[PDB]
Amino acid sequence: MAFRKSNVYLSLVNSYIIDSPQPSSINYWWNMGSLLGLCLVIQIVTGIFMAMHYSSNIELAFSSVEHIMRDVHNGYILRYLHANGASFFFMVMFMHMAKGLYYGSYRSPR
Amino acid sequence: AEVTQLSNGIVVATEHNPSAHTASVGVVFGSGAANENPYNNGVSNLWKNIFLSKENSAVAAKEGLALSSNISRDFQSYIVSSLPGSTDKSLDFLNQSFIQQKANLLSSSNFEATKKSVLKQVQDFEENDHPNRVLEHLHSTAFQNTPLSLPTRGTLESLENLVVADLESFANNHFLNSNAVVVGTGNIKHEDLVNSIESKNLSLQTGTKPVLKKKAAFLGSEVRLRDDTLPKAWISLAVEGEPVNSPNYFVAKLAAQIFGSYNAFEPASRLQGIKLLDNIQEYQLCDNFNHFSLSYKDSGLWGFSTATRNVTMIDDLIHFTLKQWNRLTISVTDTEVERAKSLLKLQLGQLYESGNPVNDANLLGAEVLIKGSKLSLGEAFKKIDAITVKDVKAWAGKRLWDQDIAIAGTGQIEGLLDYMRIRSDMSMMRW
Amino acid sequence: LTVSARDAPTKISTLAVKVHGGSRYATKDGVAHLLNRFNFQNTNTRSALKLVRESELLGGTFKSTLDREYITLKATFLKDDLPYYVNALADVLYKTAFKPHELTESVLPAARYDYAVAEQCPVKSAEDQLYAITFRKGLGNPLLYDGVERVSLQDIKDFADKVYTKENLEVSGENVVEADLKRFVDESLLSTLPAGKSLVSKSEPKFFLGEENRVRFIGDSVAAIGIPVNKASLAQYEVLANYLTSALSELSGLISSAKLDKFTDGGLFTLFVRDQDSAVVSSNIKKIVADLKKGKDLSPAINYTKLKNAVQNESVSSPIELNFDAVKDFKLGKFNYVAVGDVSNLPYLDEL
Amino acid sequence: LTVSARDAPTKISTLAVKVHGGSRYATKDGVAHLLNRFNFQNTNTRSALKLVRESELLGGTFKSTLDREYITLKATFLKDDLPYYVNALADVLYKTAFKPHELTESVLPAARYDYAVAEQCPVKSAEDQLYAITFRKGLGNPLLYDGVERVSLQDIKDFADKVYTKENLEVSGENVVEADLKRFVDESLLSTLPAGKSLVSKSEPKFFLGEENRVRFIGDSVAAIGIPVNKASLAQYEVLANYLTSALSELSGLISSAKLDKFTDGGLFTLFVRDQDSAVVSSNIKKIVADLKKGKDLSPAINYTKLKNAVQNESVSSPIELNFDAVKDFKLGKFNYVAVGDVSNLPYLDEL
Amino acid sequence: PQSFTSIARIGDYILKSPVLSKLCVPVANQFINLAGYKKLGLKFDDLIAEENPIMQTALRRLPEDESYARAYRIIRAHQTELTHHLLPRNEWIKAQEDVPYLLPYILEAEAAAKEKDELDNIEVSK
Amino acid sequence: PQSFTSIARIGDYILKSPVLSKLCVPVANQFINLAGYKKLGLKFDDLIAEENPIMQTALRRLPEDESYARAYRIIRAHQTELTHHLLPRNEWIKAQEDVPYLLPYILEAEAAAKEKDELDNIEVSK
Ligand code: HEM
């Protein structure tokens with residue numbers, strides 16, 4: 001058999017994102033989970049590259065956030081990606097939950 | 001040694017093998033099951049079974065003859081094999097009961113019984129002959145909406161509305177003299193044959209068959225008649241191959257012989273020189289597969305046809321044999337080329353020389369109809385051994401690298417992944 | 001060891017070695033099938049892989065078939081590779097390795113597959129049951145191994161060096177010159193075989209008439225009649241076969257198949273009617289034997305059977321030259337019967 | 001409907017309904033076994049689950065078995081629950097639902113299992129082959145459904161309507177009163193059956209002698225002889241069976257088991273000799289028939305078979321009272337033969 | 001989640017009564033025609049959720065022709081919703097052929113399961 | 001990791017030349033009885049790693065009696081290593097019954113796989 005089905009990590013990645021049999025008639029509302037996974041990875045990455053500069057005292061929290069905003073290179077990008085990707089994360093999550101409770105995927109097998 | 005002479009009308013082609021016994025004289029027309037519309041289809045098979053009927057075969061058997069026929073996708077043949085001292089009897093029987101009046105053959109008792117038996121055997125072929133019907137569906141979806149797409153035996157829905165008017169119209173439109181070739185194999189000499197065709201006047205018509213409006217163009221398609229009652233999974237995929245009288249014909253047959261044919265239960269076919277049999281033999285991914293190379297008049301196919309009892313790993317078999325197909329373009333060796341050269345010479349020798357003088361009649365009639373004269377077994381062997389690895393690489397880059405395929409399946413084929421993965425696994429990213 | 005070849009100006013030759021080692025001469029039944037599936041395997045010099053690969057590089061094909069009398073070892077090659085294939089057939093006749101590890105791995109699954117394929121067709125079961133009720137333990141051993149009598153490896157070795165003797169076999173071929181074939185069969189290891197006794201005995205093999213067997217089988221039903229024939233009356237039954245399954249009769253639409261199996265000593269004329277429904281098998285075989293019990297005239301089928309026997313004795317190496325002109329009529333006497341399939345809706349031998 | 005039982009002052013009773021619907025009276029073959037497996041399925045009023053659980057709470061059990069002639073529906077209960085089990089047998093005879101979902105889910109797997117079990121044992125194979133070559137299409141229909149004749153629900157429904165009639169059956173019982181059982185077979189749904197035709201024939205069933213069947217089988221070898229006996233020669237063959245499978249003869253060490261199956265018309269005396277070996281079975285059955293072709297004394301076996309006949313007749317309540325005293329001697333004449341297993345090392349009929 | 005014998009007893013009480021039938025059946029017909037499952041080529045007995053054990057037994061007890069036609073109607077609904085179109089006007093399921101072909105099987109299966117769970121909790125005289 | 005044909009070749013060359021034999025086999029015997037795989041009741045051909053394809057085929061070609069005795073010796077070695085004891089002096093594998101029983105099957109299986117590997121890398125003269 002194939003190497004993407006034989007190797008243990010590649011068999012997991014295969015069975016989840018390569019040849020996982022999805023139903024033939026799903027529309028654009030089922031892509032919100034992939035969008036939520038991407039936006040979660042976005043939040044984690046920009047959060048790490050902000051926490052490399054954020055100091056969490058009481059005398060340095062807001063001053064360190066506005067030090068990220070003003071002095072570190074492309075820090076305005078990182079802070080606005082975090083603070084806006086959180087809002088987009090929750091809006092795509094609300095769409096995910098509303099799709100789930102509209103199309104009846106709270107029902108008997110899941 | 002395969003001599004051809006054009007007479008007033010017909011073309012005579014013969015080969016005299018003086019050690020064979022049964023000399024076999026027949027006429028081979030150049031209008032098969034791809035020279036009609038899809039509504040009168042099966043009239044070629046109906047003509048074949050009218051010629052092979054009880055009346056005609058009893059008349060031929062009382063005199064000492066044995067009838068034969070073979071319908072293919074551009075030529076159809078009518079062969080009267082016989083004893084070597086008795087072929088003027090063959091010639092005037094084929095004159096008196098096929099070329100002149102056929103009113104004894106075409107009245108509504110013999111035609112009704114023949115049509116009923118043809119209907120029964122065509123539906124028995126459709127239900128109980130599974131690899132040939134998916135090769136036929138492969139032909140029907142590869143060249144679709146275009147006259148090479150037709151079933152050879154004919155479909156059931158376009159066979160119950162056929163009467164003697166259809167057969168008489170087809171015999172007026174396609175049983176011509178600029179369309180026919182009379183052949184002689186076995187041990188008849190050439191000049192007594194044409195002496196007996198020119199003594200008794202034998203000419204069918206004078207005109208010319210109607211030329212088609214649409215040439216055979218490949219359309220990359222897909223079809224699946226999944227019947228999960230069946231125990232196996234017969235699929236077959238094929239690309240556009242080179243037709244007859246093309247310069248890249250023998251390299252197509254050689255590239256088919258590179259991958260050969262296999263049978264998982266015979267212990268002498270499990271030990272061949274194929275690299276695919278080290279991938280498909282540790283989980284037993286298939287039962288048999290055969291790489292054909294069919295070459296019709298306008299275009300042709302190139303692919304393999306398999307059967308699989310392990311219906312969960314179908315996509316792995318497809319993926320492994322398609323990576324082996326990409327090995328033709330990128331990194332084919334020379335020992336595979338020489339192994340396929342010797343095996344292709346063996347296969348063409350087993351095809352061209354055999355004991356039966358009616359298969360030689362059909363092959364000689366076809367390749368004198370399309371080409372004009374028969375090339376010998378020596379010139380074919382020379383053209384085979386004049387093939388280098390770079391000619392195979394150039395042909396494989398021409399006709400196999402990222403080309404459109406057509407798939408035809410049946411049985412338990414949900415495990416067959418659908419089309420775009422199979423299409424874009426014909427081209428890999430260089431490993 | 002009789003070397004009998006002929007020449008032709010073509011490209012592809014064949015070399016065959018025929019031994020008298022079918023299920024006519026099997027000690028336990030299914031031993032000849034195991035030897036036939038055993039044939040082209042590991043020699044003591046080279047493998048079954050090296051032989052196949054280097055012969056494919058040299059351009060040829062080995063095969064080994066099995067019928068009731070012979071085991072045929074055929075090799076089809078390009079014409080200029082005669083001494084290698086002569087030496088390969090001599091190697092595989094002399095010194096096959098006979099290992100248990102390849103008996104279980106490669107021979108027994110092939111035998112099981114061939115037995116399942118020949119079982120799932122309902123006409124081969126009727127044919128070998130017809131043999132087993134006509135000739136009891138002569139020609140009537142079953143053709144294929146089926147696991148009834150347990151065959152060891154030592155029985156296969158004993159049968160193999162019983163049957164692979166020099167006076168028993170003979171070598172024929174197409175498109176080889178006789179001088180080079182007779183020079184390559186000598187200076188070989190086919191000449192250094194043990195010169196054992198030839199196995200064929202030429203008197204007629206003691207048939208039994210008026211016997212019936214009824215086999216239960218799911219699927220499609222057959223009914224088969226079978227007449228053991230002598231050596232003198234071989235021509236009349238050959239004309240009868242080529243008359244019955246031909247358009248001269250009105251009985252060709254009922255008879256699905258009919259054939260005469262010929263041997264050295266005599267033969268067996270068999271006749272199968274197969275259908276999916278079974279009342280049609282009952283009425284068809286009743287009409288067939290009730291019309292064959294009256295006298296049929298067989299002289300119109302003489303030229304046609306001369307044609308059919310020329311074209312069937314084209315490529316065999318055992319031509320029997322029958323006369324076909326002392327044939328005038330036929331009237332059926334006593335006949336063995338076997339009914340396979342839907343067995344309760346099939347007529348008995350008293351009903352026919 | 002001739003209901004008649006007997007009484008004894010004890011606790012556990014049984015009540016049986018014998019219809020004449022075995023494999024003797026089957027229209028297609030395998031129909032009666034499918035009806036027998038279909039018997040205690042769901043009716044039109046209550047299911048097959050409610051009946052089983054409720055009768056387990058009431059203290060009893062049901063069974064449904066099939067011999068060659070009878071289909072007997074048996075109910076074993078505590079004595080204080082007679083009319084419930086009478087009404088349950090009346091409902092299961094009258095108004096079985098005959099559902100296809102109960103055919104394919106619950107009845108066909110049980111029939112497949114029982115056919116596989118009775119096929120993996122070579123004695124029952126020899127017995128039914130001996131039946132089918134003695135009596136052809138009468139008693140010799142196959143007992144179990146194997147799929148050879150495809151039978152679906154409509155034939156089972158029509159056969160149940162043919163055989164489940166009023167004047168066809170009989171009602172037996174042990175440890176019930178007779179008067180209130182006669183009152184309880186009335187007041188019920190069993191007297192409202194259609195008063196159909198009786199199925200028992202008074203003619204003796206047209207046997208055939210001197211016939212041999214040889215069936216190939218993997219496992220143990222069985223040689224079985226079989227003699228169809230009349231109604232006057234029933235006692236002589238009964239004492240012959242009880243003389244042969246006893247210590248009085250020299251032959252019970254060779255004979256595995258011999259038994260006479262009795263019917264109202266005649267009977268069939270079968271004799272089975274089996275082993276793993278096949279030369280053992282060969283010499284054994286040759287010695288058996290070569291000693292039985294002489295005259296055997298049947299005088300010391302009379303009191304012993306009176307014992308064995310009493311212990312065999314107290315179980316059933318259709319006793320055929322033989323007098324056992326007009327018996328003097330035995331001499332074997334013509335006999336049917338069947339050889340199952342390793343057939344090529346088993347003797348034929350003219351060798352015996 | 002709601003057993004079909006409950007829906008069956010409520011619906012049969014609505015249908016067999018005169019004053020409720022001609023006042024609730026027109027709004028039911030308009031509700032079914034407004035739901036739009038017939039425009040995709042579907043009877044209602046394809047719409048029912050299948051991941052019960054009752055529906056699994058009721059779909060394995062279906063005849064072998066209605067099962068093939070049901071699989072084709074489901075697959076055609078999948079494809080004609082994949083294209084985001086509707087079926088043409090000639091291939092809409094007409095109101096005369098929306099017969100319940102599955103409901104007798106589901107009613108017998110749920111009656112069998114209800115009798116099984118009623119018999120498992122039985123109480124003899126105490 | 002190392003082919004048994006190479007081990008057999010080096011061992012045959014060490015063995016059948018009399019200068020190296022009388023110097024190499026006594027230290028080999030002392031190394032074997034100092035190794036201590038015979039105190040657990042094991043022959044040597046149980047110790048070989050069974051996770052190559054060569055060893056897997058060489059085990060599936062083993063006869064039916066030596067396979068059962070091999071499985072018993074492996075299980076007994078597992079148990080007496082579990083209890084952290086040794087087998088008693090009666091149940092030690094003696095040096096005369098430390099016969100190589102798996103080695104012909106290993107040699108012929110690796111010879112077959114080796115011949116396959118160099119038959120499919122063959123080149124005709126060009
Ligand atoms: C679940 C995903 C996450 C969400 C929804 C999220 C959301 C938020 C929000 C809304 C803020 C406030 C921004 C503002 O001031 O308006 C914030 C602040 C912050 N988050 Fe996250 N966050 C996530 C993950 C992470 C992770 C994993 C880290 C650490 C690696 C991180 C690091 C930070 C930091 C350092 C701040 C400080 C203020 C700033 O610079 O923005 N975040 N987060």
# chains A, B, ... in the order shown; residues from 1 in each chain; ligands from 1
call {"tool": "residues_around", "arguments": {"residues": "residue B:321", "least_positions_apart": "4", "cutoff": "7 Å", "atoms": "only C-alpha atoms", "output": "PyMOL selection string"}}
result
chain B and resi 276+317+325
call {"tool": "write_last_selection", "arguments": {"atoms": "N, CA and C atoms", "output": "mmCIF file, in the first residue's frame"}}
result
data_model
loop_
_atom_site.group_PDB
_atom_site.id
_atom_site.type_symbol
_atom_site.label_atom_id
_atom_site.label_comp_id
_atom_site.auth_asym_id
_atom_site.auth_seq_id
_atom_site.Cartn_x
_atom_site.Cartn_y
_atom_site.Cartn_z
ATOM 1 N N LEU B 276 6.054 -3.472 -11.093
ATOM 2 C CA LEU B 276 4.778 -3.274 -10.415
ATOM 3 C C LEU B 276 4.456 -4.434 -9.478
ATOM 4 N N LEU B 317 -4.011 0.318 -5.953
ATOM 5 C CA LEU B 317 -3.641 -0.342 -7.204
ATOM 6 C C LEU B 317 -3.577 0.654 -8.351
ATOM 7 N N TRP B 325 3.341 3.973 -14.751
ATOM 8 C CA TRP B 325 3.185 4.611 -16.057
ATOM 9 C C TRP B 325 4.037 5.868 -16.187
#
call {"tool": "residues_near_ligand", "arguments": {"ligand": "ligand 1", "cutoff": "12 Å", "atoms": "only C-alpha atoms and all ligand atoms", "output": "number ranges by chain"}}
result
A: 36-57, 60-70, 72, 75-93
call {"tool": "residues_around", "arguments": {"residues": "stretch 16-33 of chain E", "least_positions_apart": "5", "cutoff": "10 Å", "atoms": "only C-alpha atoms", "output": "JSON, numbers by chain"}}
result
{"E": [11, 38, 39, 44, 95]}
call {"tool": "closest_atom_pairs", "arguments": {"of": "chain E", "to": "chain A", "cutoff": "10 Å", "atoms": "only C-alpha atoms", "output": "CSV"}}
result
residue,atom,partner,partner_atom,distance
E:1,CA,A:108,CA,8.4
E:49,CA,A:108,CA,8.9
E:50,CA,A:108,CA,9.6
E:51,CA,A:109,CA,6.6
E:52,CA,A:108,CA,7.7
E:75,CA,A:24,CA,9.3
E:77,CA,A:25,CA,8.9
E:78,CA,A:25,CA,5.4
E:79,CA,A:25,CA,6.9
E:80,CA,A:25,CA,8.8
E:81,CA,A:25,CA,6.4
E:82,CA,A:25,CA,4.9
E:83,CA,A:25,CA,8.7
E:84,CA,A:27,CA,9.2
call {"tool": "interface_residues", "arguments": {"of": "chain C", "to": "chain F", "cutoff": "10 Å", "atoms": "only C-alpha atoms", "output": "ChimeraX atom specification"}}
result
/C:46-47,49-50,53-54,57,100-102,104-105
call {"tool": "write_last_selection", "arguments": {"atoms": "N, CA and C atoms", "output": "PDB file, in the first residue's frame"}}
result
ATOM      1  N   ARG C  46      19.322 -23.678 -10.912  1.00  0.00           N
ATOM      2  CA  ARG C  46      18.820 -22.314 -10.903  1.00  0.00           C
ATOM      3  C   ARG C  46      17.376 -22.306 -10.425  1.00  0.00           C
ATOM      4  N   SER C  47      16.871 -21.109 -10.146  1.00  0.00           N
ATOM      5  CA  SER C  47      15.590 -20.951  -9.476  1.00  0.00           C
ATOM      6  C   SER C  47      14.441 -21.121 -10.466  1.00  0.00           C
ATOM      7  N   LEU C  49      12.724 -18.378 -10.563  1.00  0.00           N
ATOM      8  CA  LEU C  49      12.742 -16.959 -10.880  1.00  0.00           C
ATOM      9  C   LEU C  49      13.797 -16.641 -11.928  1.00  0.00           C
ATOM     10  N   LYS C  50      14.976 -17.260 -11.808  1.00  0.00           N
ATOM     11  CA  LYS C  50      16.055 -17.017 -12.758  1.00  0.00           C
ATOM     12  C   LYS C  50      15.719 -17.580 -14.129  1.00  0.00           C
ATOM     13  N   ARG C  53      12.947 -15.234 -15.649  1.00  0.00           N
ATOM     14  CA  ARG C  53      13.455 -13.912 -16.010  1.00  0.00           C
ATOM     15  C   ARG C  53      14.434 -13.971 -17.180  1.00  0.00           C
ATOM     16  N   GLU C  54      15.374 -14.919 -17.169  1.00  0.00           N
ATOM     17  CA  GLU C  54      16.314 -14.988 -18.277  1.00  0.00           C
ATOM     18  C   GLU C  54      15.695 -15.586 -19.538  1.00  0.00           C
ATOM     19  N   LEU C  57      13.978 -12.568 -20.987  1.00  0.00           N
ATOM     20  CA  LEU C  57      14.999 -11.793 -21.682  1.00  0.00           C
ATOM     21  C   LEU C  57      15.418 -12.463 -22.983  1.00  0.00           C
ATOM     22  N   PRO C 100       9.273 -28.972   0.672  1.00  0.00           N
ATOM     23  CA  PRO C 100       7.966 -28.780   1.323  1.00  0.00           C
ATOM     24  C   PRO C 100       7.577 -27.319   1.450  1.00  0.00           C
ATOM     25  N   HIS C 101       8.570 -26.430   1.571  1.00  0.00           N
ATOM     26  CA  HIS C 101       8.309 -25.008   1.732  1.00  0.00           C
ATOM     27  C   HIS C 101       7.683 -24.406   0.483  1.00  0.00           C
ATOM     28  N   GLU C 102       8.025 -24.919  -0.698  1.00  0.00           N
ATOM     29  CA  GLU C 102       7.342 -24.511  -1.915  1.00  0.00           C
ATOM     30  C   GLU C 102       6.159 -25.406  -2.253  1.00  0.00           C
ATOM     31  N   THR C 104       3.870 -26.072   0.063  1.00  0.00           N
ATOM     32  CA  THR C 104       2.754 -25.419   0.741  1.00  0.00           C
ATOM     33  C   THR C 104       2.541 -23.996   0.224  1.00  0.00           C
ATOM     34  N   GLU C 105       3.620 -23.283  -0.112  1.00  0.00           N
ATOM     35  CA  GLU C 105       3.488 -21.873  -0.477  1.00  0.00           C
ATOM     36  C   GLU C 105       2.950 -21.676  -1.890  1.00  0.00           C
TER      37      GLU C 105
END
call {"tool": "residues_around", "arguments": {"residues": "stretch 211-218 of chain C", "least_positions_apart": "5", "cutoff": "8 Å", "atoms": "only C-alpha atoms", "output": "list in words"}}
result
residues 122, 126, 129, 130, 133, 134, 335, 336, 337, 338, 339, 340, 341, 342, 343, 348 and 349 of chain C; 147, 148, 149, 213 and 214 of chain D
call {"tool": "write_last_selection", "arguments": {"atoms": "N, CA and C atoms", "output": "PDB file, in the first residue's frame"}}
result
ATOM      1  N   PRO C 122     -20.537 -26.356 -13.990  1.00  0.00           N
ATOM      2  CA  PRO C 122     -21.279 -27.598 -13.746  1.00  0.00           C
ATOM      3  C   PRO C 122     -21.118 -28.655 -14.822  1.00  0.00           C
ATOM      4  N   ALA C 126     -19.805 -33.002 -14.324  1.00  0.00           N
ATOM      5  CA  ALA C 126     -20.508 -34.078 -15.010  1.00  0.00           C
ATOM      6  C   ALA C 126     -19.566 -34.899 -15.868  1.00  0.00           C
ATOM      7  N   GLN C 129     -17.387 -37.043 -13.513  1.00  0.00           N
ATOM      8  CA  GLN C 129     -18.241 -38.070 -12.925  1.00  0.00           C
ATOM      9  C   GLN C 129     -18.632 -39.124 -13.952  1.00  0.00           C
ATOM     10  N   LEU C 130     -18.804 -38.719 -15.213  1.00  0.00           N
ATOM     11  CA  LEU C 130     -19.071 -39.663 -16.291  1.00  0.00           C
ATOM     12  C   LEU C 130     -17.878 -40.577 -16.525  1.00  0.00           C
ATOM     13  N   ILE C 133     -17.762 -43.082 -13.536  1.00  0.00           N
ATOM     14  CA  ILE C 133     -18.736 -44.168 -13.586  1.00  0.00           C
ATOM     15  C   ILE C 133     -18.579 -45.055 -14.815  1.00  0.00           C
ATOM     16  N   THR C 134     -17.898 -44.587 -15.863  1.00  0.00           N
ATOM     17  CA  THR C 134     -17.623 -45.464 -16.994  1.00  0.00           C
ATOM     18  C   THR C 134     -16.421 -46.358 -16.713  1.00  0.00           C
ATOM     19  N   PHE C 335     -25.768 -46.774 -22.550  1.00  0.00           N
ATOM     20  CA  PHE C 335     -25.047 -45.529 -22.338  1.00  0.00           C
ATOM     21  C   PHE C 335     -25.053 -45.175 -20.860  1.00  0.00           C
ATOM     22  N   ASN C 336     -23.934 -44.637 -20.383  1.00  0.00           N
ATOM     23  CA  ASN C 336     -23.853 -44.166 -19.010  1.00  0.00           C
ATOM     24  C   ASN C 336     -24.440 -42.768 -18.901  1.00  0.00           C
ATOM     25  N   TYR C 337     -24.959 -42.446 -17.721  1.00  0.00           N
ATOM     26  CA  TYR C 337     -25.693 -41.202 -17.541  1.00  0.00           C
ATOM     27  C   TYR C 337     -25.275 -40.530 -16.244  1.00  0.00           C
ATOM     28  N   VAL C 338     -25.161 -39.205 -16.274  1.00  0.00           N
ATOM     29  CA  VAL C 338     -24.892 -38.436 -15.064  1.00  0.00           C
ATOM     30  C   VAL C 338     -25.702 -37.144 -15.111  1.00  0.00           C
ATOM     31  N   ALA C 339     -26.367 -36.831 -14.005  1.00  0.00           N
ATOM     32  CA  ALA C 339     -27.255 -35.677 -13.926  1.00  0.00           C
ATOM     33  C   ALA C 339     -26.794 -34.776 -12.795  1.00  0.00           C
ATOM     34  N   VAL C 340     -26.364 -33.560 -13.128  1.00  0.00           N
ATOM     35  CA  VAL C 340     -25.737 -32.664 -12.162  1.00  0.00           C
ATOM     36  C   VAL C 340     -26.601 -31.424 -12.010  1.00  0.00           C
ATOM     37  N   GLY C 341     -26.935 -31.087 -10.770  1.00  0.00           N
ATOM     38  CA  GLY C 341     -27.609 -29.831 -10.505  1.00  0.00           C
ATOM     39  C   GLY C 341     -28.916 -29.981  -9.758  1.00  0.00           C
ATOM     40  N   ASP C 342     -29.996 -29.451 -10.331  1.00  0.00           N
ATOM     41  CA  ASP C 342     -31.337 -29.680  -9.807  1.00  0.00           C
ATOM     42  C   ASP C 342     -31.687 -31.133 -10.089  1.00  0.00           C
ATOM     43  N   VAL C 343     -31.394 -32.010  -9.130  1.00  0.00           N
ATOM     44  CA  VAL C 343     -31.356 -33.439  -9.405  1.00  0.00           C
ATOM     45  C   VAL C 343     -32.714 -34.116  -9.232  1.00  0.00           C
ATOM     46  N   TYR C 348     -34.396 -40.043 -14.685  1.00  0.00           N
ATOM     47  CA  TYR C 348     -33.501 -41.128 -14.333  1.00  0.00           C
ATOM     48  C   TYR C 348     -33.169 -41.940 -15.582  1.00  0.00           C
ATOM     49  N   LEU C 349     -32.303 -42.943 -15.424  1.00  0.00           N
ATOM     50  CA  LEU C 349     -31.921 -43.774 -16.560  1.00  0.00           C
ATOM     51  C   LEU C 349     -33.047 -44.697 -17.005  1.00  0.00           C
TER      52      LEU C 349
ATOM     53  N   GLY D 147     -30.626 -24.980  -0.861  1.00  0.00           N
ATOM     54  CA  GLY D 147     -30.623 -23.927  -1.852  1.00  0.00           C
ATOM     55  C   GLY D 147     -30.620 -24.383  -3.291  1.00  0.00           C
ATOM     56  N   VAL D 148     -30.677 -25.694  -3.542  1.00  0.00           N
ATOM     57  CA  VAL D 148     -30.592 -26.214  -4.904  1.00  0.00           C
ATOM     58  C   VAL D 148     -31.846 -25.851  -5.692  1.00  0.00           C
ATOM     59  N   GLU D 149     -33.014 -26.139  -5.135  1.00  0.00           N
ATOM     60  CA  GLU D 149     -34.274 -25.623  -5.654  1.00  0.00           C
ATOM     61  C   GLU D 149     -34.604 -24.364  -4.867  1.00  0.00           C
ATOM     62  N   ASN D 213     -24.629 -45.548  -5.142  1.00  0.00           N
ATOM     63  CA  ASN D 213     -24.203 -44.162  -5.253  1.00  0.00           C
ATOM     64  C   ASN D 213     -22.868 -43.987  -4.549  1.00  0.00           C
ATOM     65  N   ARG D 214     -21.994 -43.193  -5.159  1.00  0.00           N
ATOM     66  CA  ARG D 214     -20.639 -42.977  -4.664  1.00  0.00           C
ATOM     67  C   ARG D 214     -20.389 -41.477  -4.617  1.00  0.00           C
TER      68      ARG D 214
END
call {"tool": "interface_residues", "arguments": {"of": "chain B", "to": "chain F", "cutoff": "9 Å", "atoms": "only C-alpha atoms", "output": "list in words"}}
result
residues 273, 274, 275, 334, 335 and 338 of chain B
call {"tool": "decode", "arguments": {"residues": "stretch 105-113 of chain B", "atoms": "N, CA and C atoms", "output": "JSON list (two decimals), in the first residue's frame"}}
result
[["chain", "number", "residue", "atom", "x", "y", "z"],
["B", 105, "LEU", "N", -31.96, -15.98, -47.25],
["B", 105, "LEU", "CA", -31.47, -15.65, -45.92],
["B", 105, "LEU", "C", -32.35, -14.62, -45.22],
["B", 106, "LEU", "N", -33.06, -13.79, -45.97],
["B", 106, "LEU", "CA", -33.69, -12.59, -45.42],
["B", 106, "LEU", "C", -35.22, -12.62, -45.51],
["B", 107, "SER", "N", -35.84, -13.75, -45.20],
["B", 107, "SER", "CA", -37.28, -13.79, -45.01],
["B", 107, "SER", "C", -37.59, -13.93, -43.52],
["B", 108, "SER", "N", -38.82, -13.58, -43.14],
["B", 108, "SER", "CA", -39.13, -13.25, -41.75],
["B", 108, "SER", "C", -39.32, -14.47, -40.84],
["B", 109, "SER", "N", -38.85, -15.65, -41.22],
["B", 109, "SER", "CA", -38.75, -16.77, -40.29],
["B", 109, "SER", "C", -37.33, -16.95, -39.78],
["B", 110, "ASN", "N", -36.37, -17.06, -40.70],
["B", 110, "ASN", "CA", -34.96, -17.14, -40.34],
["B", 110, "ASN", "C", -34.50, -15.85, -39.67],
["B", 111, "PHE", "N", -34.96, -14.70, -40.17],
["B", 111, "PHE", "CA", -34.60, -13.43, -39.56],
["B", 111, "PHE", "C", -35.21, -13.27, -38.17],
["B", 112, "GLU", "N", -36.44, -13.77, -37.96],
["B", 112, "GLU", "CA", -37.06, -13.67, -36.65],
["B", 112, "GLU", "C", -36.36, -14.56, -35.63],
["B", 113, "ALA", "N", -36.04, -15.80, -36.02],
["B", 113, "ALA", "CA", -35.34, -16.71, -35.11],
["B", 113, "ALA", "C", -33.93, -16.22, -34.81]]
